[PDB]
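Visitor: coords14.cif is reproduced in full below (mmCIF, N, CA and C atoms and all ligand atoms).
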```cif
data_model
#
loop_
_atom_site.group_PDB
_atom_site.id
_atom_site.type_symbol
_atom_site.label_atom_id
_atom_site.label_comp_id
_atom_site.auth_asym_id
_atom_site.auth_seq_id
_atom_site.Cartn_x
_atom_site.Cartn_y
_atom_site.Cartn_z
ATOM 1 N N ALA A 1 106.272 130.277 66.164
ATOM 2 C CA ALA A 1 105.519 128.990 66.047
ATOM 3 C C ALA A 1 104.989 128.859 64.597
ATOM 4 N N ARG A 2 105.513 127.939 63.763
ATOM 5 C CA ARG A 2 105.062 127.732 62.352
ATOM 6 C C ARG A 2 103.562 127.392 62.304
ATOM 7 N N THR A 3 102.862 127.736 61.225
ATOM 8 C CA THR A 3 101.412 127.466 61.069
ATOM 9 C C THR A 3 100.986 127.156 59.636
ATOM 10 N N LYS A 4 99.889 126.395 59.519
ATOM 11 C CA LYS A 4 99.344 125.871 58.269
ATOM 12 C C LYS A 4 97.819 125.748 58.363
ATOM 13 N N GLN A 5 97.156 125.786 57.202
ATOM 14 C CA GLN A 5 95.706 125.627 57.066
ATOM 15 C C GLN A 5 95.348 124.718 55.878
ATOM 16 N N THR A 6 94.206 124.025 55.965
ATOM 17 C CA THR A 6 93.645 123.207 54.872
ATOM 18 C C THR A 6 92.110 123.107 54.954
ATOM 19 N N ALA A 7 91.472 122.650 53.871
ATOM 20 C CA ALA A 7 90.012 122.518 53.746
ATOM 21 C C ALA A 7 89.571 121.437 52.734
ATOM 22 N N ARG A 8 90.298 121.293 51.613
ATOM 23 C CA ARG A 8 90.033 120.318 50.530
ATOM 24 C C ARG A 8 91.317 119.880 49.800
ATOM 25 N N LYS A 9 91.200 118.883 48.912
ATOM 26 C CA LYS A 9 92.276 118.419 48.003
ATOM 27 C C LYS A 9 92.812 119.535 47.083
ATOM 28 N N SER A 10 93.999 119.333 46.512
ATOM 29 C CA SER A 10 94.778 120.345 45.765
ATOM 30 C C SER A 10 94.274 120.701 44.347
ATOM 31 N N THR A 11 93.146 120.139 43.892
ATOM 32 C CA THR A 11 92.597 120.308 42.526
ATOM 33 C C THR A 11 92.122 121.731 42.197
ATOM 34 N N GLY B 1 114.714 104.427 68.436
ATOM 35 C CA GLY B 1 113.595 105.383 68.643
ATOM 36 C C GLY B 1 113.444 106.355 67.478
ATOM 37 N N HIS B 2 112.202 106.692 67.109
ATOM 38 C CA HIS B 2 111.840 107.445 65.887
ATOM 39 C C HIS B 2 112.399 108.881 65.806
ATOM 40 N N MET B 3 112.786 109.473 66.943
ATOM 41 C CA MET B 3 113.343 110.832 67.032
ATOM 42 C C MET B 3 114.686 111.019 66.317
ATOM 43 N N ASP B 4 115.548 109.995 66.293
ATOM 44 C CA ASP B 4 116.958 110.105 65.860
ATOM 45 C C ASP B 4 117.745 111.215 66.589
ATOM 46 N N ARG B 5 117.180 111.729 67.690
ATOM 47 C CA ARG B 5 117.561 112.936 68.477
ATOM 48 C C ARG B 5 117.479 114.266 67.702
ATOM 49 N N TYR B 6 116.963 114.217 66.477
ATOM 50 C CA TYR B 6 116.747 115.352 65.578
ATOM 51 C C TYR B 6 115.385 116.033 65.800
ATOM 52 N N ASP B 7 115.311 117.324 65.465
ATOM 53 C CA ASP B 7 114.054 118.076 65.398
ATOM 54 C C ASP B 7 113.472 118.026 63.971
ATOM 55 N N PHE B 8 112.314 117.376 63.822
ATOM 56 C CA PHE B 8 111.563 117.219 62.574
ATOM 57 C C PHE B 8 110.113 117.700 62.702
ATOM 58 N N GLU B 9 109.503 118.026 61.560
ATOM 59 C CA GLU B 9 108.087 118.364 61.431
ATOM 60 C C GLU B 9 107.272 117.085 61.731
ATOM 61 N N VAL B 10 106.711 117.024 62.945
ATOM 62 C CA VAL B 10 106.090 115.820 63.532
ATOM 63 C C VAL B 10 104.752 116.149 64.146
ATOM 64 N N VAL B 11 103.651 115.723 63.542
ATOM 65 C CA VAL B 11 102.314 116.026 64.077
ATOM 66 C C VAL B 11 102.055 115.152 65.311
ATOM 67 N N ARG B 12 102.220 115.744 66.490
ATOM 68 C CA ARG B 12 102.001 115.116 67.793
ATOM 69 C C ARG B 12 101.088 115.993 68.618
ATOM 70 N N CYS B 13 99.793 115.740 68.482
ATOM 71 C CA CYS B 13 98.748 116.321 69.333
ATOM 72 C C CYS B 13 98.425 115.421 70.538
ATOM 73 N N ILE B 14 97.810 115.991 71.588
ATOM 74 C CA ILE B 14 97.213 115.253 72.735
ATOM 75 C C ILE B 14 96.194 114.188 72.316
ATOM 76 N N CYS B 15 95.747 114.317 71.070
ATOM 77 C CA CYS B 15 94.827 113.422 70.393
ATOM 78 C C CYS B 15 95.515 112.066 70.064
ATOM 79 N N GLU B 16 96.861 112.002 70.124
ATOM 80 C CA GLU B 16 97.727 110.885 69.707
ATOM 81 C C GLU B 16 97.424 110.391 68.288
ATOM 82 N N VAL B 17 97.124 111.374 67.442
ATOM 83 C CA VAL B 17 96.842 111.253 66.022
ATOM 84 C C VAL B 17 97.758 112.203 65.254
ATOM 85 N N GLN B 18 98.281 111.731 64.131
ATOM 86 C CA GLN B 18 99.005 112.562 63.153
ATOM 87 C C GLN B 18 98.052 113.233 62.117
ATOM 88 N N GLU B 19 96.730 113.123 62.314
ATOM 89 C CA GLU B 19 95.670 113.689 61.472
ATOM 90 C C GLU B 19 95.775 115.209 61.419
ATOM 91 N N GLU B 20 95.369 115.811 60.312
ATOM 92 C CA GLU B 20 95.266 117.227 60.132
ATOM 93 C C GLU B 20 93.817 117.707 60.065
ATOM 94 N N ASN B 21 93.583 118.546 61.039
ATOM 95 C CA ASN B 21 92.424 119.417 61.196
ATOM 96 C C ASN B 21 92.549 120.599 60.200
ATOM 97 N N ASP B 22 91.537 121.467 60.189
ATOM 98 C CA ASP B 22 91.532 122.739 59.446
ATOM 99 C C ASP B 22 92.696 123.673 59.833
ATOM 100 N N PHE B 23 93.110 123.646 61.107
ATOM 101 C CA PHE B 23 94.225 124.414 61.666
ATOM 102 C C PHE B 23 95.273 123.557 62.401
ATOM 103 N N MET B 24 96.575 123.799 62.156
ATOM 104 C CA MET B 24 97.711 123.236 62.911
ATOM 105 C C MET B 24 98.814 124.269 63.198
ATOM 106 N N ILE B 25 99.558 124.077 64.295
ATOM 107 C CA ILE B 25 100.667 124.956 64.760
ATOM 108 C C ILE B 25 101.880 124.100 65.080
ATOM 109 N N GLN B 26 103.080 124.669 65.056
ATOM 110 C CA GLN B 26 104.333 123.969 65.371
ATOM 111 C C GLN B 26 104.913 124.442 66.707
ATOM 112 N N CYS B 27 105.359 123.502 67.544
ATOM 113 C CA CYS B 27 106.096 123.779 68.770
ATOM 114 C C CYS B 27 107.441 124.403 68.454
ATOM 115 N N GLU B 28 107.771 125.481 69.148
ATOM 116 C CA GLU B 28 109.062 126.156 68.963
ATOM 117 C C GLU B 28 110.253 125.357 69.544
ATOM 118 N N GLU B 29 109.995 124.398 70.448
ATOM 119 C CA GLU B 29 111.051 123.667 71.174
ATOM 120 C C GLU B 29 111.495 122.391 70.468
ATOM 121 N N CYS B 30 110.521 121.537 70.126
ATOM 122 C CA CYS B 30 110.760 120.254 69.483
ATOM 123 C C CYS B 30 110.214 120.100 68.053
ATOM 124 N N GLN B 31 109.658 121.174 67.484
ATOM 125 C CA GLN B 31 109.122 121.249 66.117
ATOM 126 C C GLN B 31 107.831 120.464 65.837
ATOM 127 N N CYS B 32 107.213 119.853 66.835
ATOM 128 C CA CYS B 32 106.049 119.027 66.554
ATOM 129 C C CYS B 32 104.806 119.861 66.270
ATOM 130 N N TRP B 33 103.901 119.348 65.451
ATOM 131 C CA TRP B 33 102.689 120.012 65.005
ATOM 132 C C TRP B 33 101.426 119.537 65.719
ATOM 133 N N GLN B 34 100.461 120.420 65.979
ATOM 134 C CA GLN B 34 99.244 120.062 66.709
ATOM 135 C C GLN B 34 98.065 120.791 66.148
ATOM 136 N N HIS B 35 96.866 120.298 66.435
ATOM 137 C CA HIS B 35 95.661 121.060 66.145
ATOM 138 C C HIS B 35 95.610 122.185 67.154
ATOM 139 N N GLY B 36 95.648 123.433 66.709
ATOM 140 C CA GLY B 36 95.670 124.525 67.678
ATOM 141 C C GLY B 36 94.488 124.529 68.636
ATOM 142 N N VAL B 37 93.312 124.142 68.150
ATOM 143 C CA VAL B 37 92.067 124.147 68.943
ATOM 144 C C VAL B 37 92.096 123.095 70.077
ATOM 145 N N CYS B 38 92.997 122.106 69.981
ATOM 146 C CA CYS B 38 93.308 121.128 71.034
ATOM 147 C C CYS B 38 94.264 121.689 72.104
ATOM 148 N N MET B 39 95.123 122.620 71.680
ATOM 149 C CA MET B 39 96.193 123.263 72.450
ATOM 150 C C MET B 39 95.767 124.620 73.063
ATOM 151 N N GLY B 40 94.579 125.140 72.713
ATOM 152 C CA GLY B 40 94.046 126.439 73.135
ATOM 153 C C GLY B 40 94.556 127.621 72.322
ATOM 154 N N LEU B 41 94.917 127.377 71.059
ATOM 155 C CA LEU B 41 95.397 128.396 70.128
ATOM 156 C C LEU B 41 94.634 128.307 68.792
ATOM 157 N N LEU B 42 94.508 129.428 68.107
ATOM 158 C CA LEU B 42 93.873 129.657 66.824
ATOM 159 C C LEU B 42 94.849 130.443 65.956
ATOM 160 N N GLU B 43 94.595 130.545 64.652
ATOM 161 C CA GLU B 43 95.361 131.426 63.765
ATOM 162 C C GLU B 43 95.333 132.903 64.214
ATOM 163 N N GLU B 44 94.305 133.325 64.961
ATOM 164 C CA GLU B 44 94.291 134.657 65.599
ATOM 165 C C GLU B 44 95.341 134.811 66.711
ATOM 166 N N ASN B 45 95.568 133.758 67.508
ATOM 167 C CA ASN B 45 96.386 133.836 68.719
ATOM 168 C C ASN B 45 97.823 133.306 68.581
ATOM 169 N N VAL B 46 98.273 132.827 67.409
ATOM 170 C CA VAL B 46 99.562 132.102 67.256
ATOM 171 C C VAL B 46 100.707 132.943 67.826
ATOM 172 N N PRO B 47 101.325 132.477 68.927
ATOM 173 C CA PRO B 47 102.429 133.178 69.556
ATOM 174 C C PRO B 47 103.739 132.962 68.787
ATOM 175 N N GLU B 48 104.760 133.748 69.119
ATOM 176 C CA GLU B 48 106.102 133.581 68.540
ATOM 177 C C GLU B 48 106.763 132.331 69.125
ATOM 178 N N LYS B 49 106.447 132.004 70.385
ATOM 179 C CA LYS B 49 106.894 130.804 71.073
ATOM 180 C C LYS B 49 105.780 130.057 71.805
ATOM 181 N N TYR B 50 105.060 129.247 71.040
ATOM 182 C CA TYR B 50 104.141 128.268 71.626
ATOM 183 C C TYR B 50 104.955 127.013 71.987
ATOM 184 N N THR B 51 104.861 126.621 73.250
ATOM 185 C CA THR B 51 105.355 125.358 73.804
ATOM 186 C C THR B 51 104.253 124.300 73.843
ATOM 187 N N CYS B 52 104.586 123.058 73.469
ATOM 188 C CA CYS B 52 103.625 121.954 73.379
ATOM 189 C C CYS B 52 103.609 121.175 74.672
ATOM 190 N N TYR B 53 102.499 120.591 75.086
ATOM 191 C CA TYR B 53 102.414 119.658 76.205
ATOM 192 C C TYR B 53 103.557 118.617 76.361
ATOM 193 N N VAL B 54 104.100 118.052 75.274
ATOM 194 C CA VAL B 54 105.277 117.162 75.300
ATOM 195 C C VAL B 54 106.526 117.884 75.860
ATOM 196 N N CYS B 55 106.636 119.207 75.662
ATOM 197 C CA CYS B 55 107.611 120.097 76.282
ATOM 198 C C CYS B 55 107.064 120.782 77.559
ATOM 199 N N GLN B 56 106.002 121.614 77.474
ATOM 200 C CA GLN B 56 105.521 122.358 78.647
ATOM 201 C C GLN B 56 104.594 121.607 79.624
ATOM 202 N N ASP B 57 103.797 120.661 79.122
ATOM 203 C CA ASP B 57 102.674 119.991 79.819
ATOM 204 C C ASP B 57 101.575 121.015 80.210
HETATM 205 ZN ZN ZN C 101 94.083 117.325 68.398
HETATM 206 ZN ZN ZN C 102 107.445 120.442 71.961
#
```
Step by step, read the file and then write its structure as structure tokens.
Ligand SMILES: [Zn+2]
Ligand SMILES: [Zn+2]
Guide:
Amino acid sequence: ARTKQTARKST
Amino acid sequence: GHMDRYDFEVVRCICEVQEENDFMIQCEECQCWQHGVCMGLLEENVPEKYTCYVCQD
């Protein structure tokens, strides 16, 4: 099962 | 129909939103993405074969 995470913009 | 009968990276949660939460997982059957916390999964629990409600219910 593929997975990803995020929290803020790419700066 | 939007599927084209192809398997694509498609954010389809029970939320009926393509929005991204802090965590998302992909269905092993149809490739769709979901908020794991909506599906009962976390980055701690990610299985090798998670089935999505659109496939498993
Ligand atoms: Zn959700
Ligand atoms: Zn599925």
Visitor: Taking only residues of chain A that have an atom at most 8 Å from an atom of range 18-25 of chain B, what is each one's shortest atom pair and its distance in Å to one decimal, using only N, CA and C atoms, in chain and number order, as JSON lines?
Guide:
```
{"residue": "A:1", "atom": "C", "partner": "B:25", "partner_atom": "C", "distance": 5.7}
{"residue": "A:2", "atom": "C", "partner": "B:25", "partner_atom": "CA", "distance": 4.5}
{"residue": "A:3", "atom": "CA", "partner": "B:25", "partner_atom": "CA", "distance": 4.5}
{"residue": "A:4", "atom": "N", "partner": "B:24", "partner_atom": "C", "distance": 4.4}
{"residue": "A:5", "atom": "CA", "partner": "B:22", "partner_atom": "C", "distance": 4.5}
{"residue": "A:6", "atom": "N", "partner": "B:22", "partner_atom": "C", "distance": 4.2}
{"residue": "A:7", "atom": "N", "partner": "B:22", "partner_atom": "CA", "distance": 5.6}
```
Visitor: Could you list, as number ranges by chain, every residue matched by the PyMOL selection byres (((not hetatm)) within 5 of (chain C and resi 102)) in this structure?
Guide: B: 27, 29-30, 52, 54-55
Visitor: Could you give me, as JSON lines, a per-residue list for chain B showing, wherever an atom lies at most 6 Å from an atom of ligand ZN 101 (chain C), the closest pair of atoms and their distance in Å to one decimal, using only C-alpha atoms and all ligand atoms and sorting by chain then residue number from low to high?
Guide:
```
{"residue": "B:13", "atom": "CA", "partner": "C:ZN101", "partner_atom": "ZN", "distance": 4.9}
{"residue": "B:14", "atom": "CA", "partner": "C:ZN101", "partner_atom": "ZN", "distance": 5.7}
{"residue": "B:15", "atom": "CA", "partner": "C:ZN101", "partner_atom": "ZN", "distance": 4.4}
{"residue": "B:35", "atom": "CA", "partner": "C:ZN101", "partner_atom": "ZN", "distance": 4.6}
{"residue": "B:38", "atom": "CA", "partner": "C:ZN101", "partner_atom": "ZN", "distance": 4.7}
```
Visitor: Using CA of residue 46 in chain B and atom N of residue 26 in chain B as the two end points, give the distance in Å to one decimal.
Guide: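 Rounded to one decimal, the two atoms are 8.5 Å apart.
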Visitor: To test the calculation: enclose all listed atoms of range 28-32 of chain B in a box whose edges run along x, y and z, add 5 Å on each side, then state centre and edge lengths in Å to one decimal, as AutoDock Vina command-line options.
Guide:
```
--center_x 108.2 --center_y 122.6 --center_z 68.5 --size_x 16.7 --size_y 17.1 --size_z 15.3
```
Visitor: To one decimal in Å, tell me the separation between CA of residue 31 in chain B and CA of residue 57 in chain B.
Guide: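 Value for the CA of residue 31 in chain B-CA of residue 57 in chain B distance: 15.2 Å.
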Visitor: What gap, in Å, lies between atom N of residue 36 in chain B and atom N of residue 1 in chain B?
Guide: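 These two atoms are separated by 27.0 Å.
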Visitor: Per DSSP on the backbone, what are the helix (DSSP H, G or I) residues of chain B, as an MDAnalysis selection string?
Guide: chainID B and resid 36:39
Visitor: Can you list, as a PyMOL selection string, all residues belonging to chain B that DSSP tags as strand (DSSP E)?
Guide: chain B and resi 10-11+23-26+32-34
Visitor: Name the residues captured by the PyMOL selection byres (((chain B and resi 9) around 8) and not hetatm) when it is applied to the shown file; answer as an MDAnalysis selection string.
Guide: chainID B and resid 6:8 10:12 26 30:33
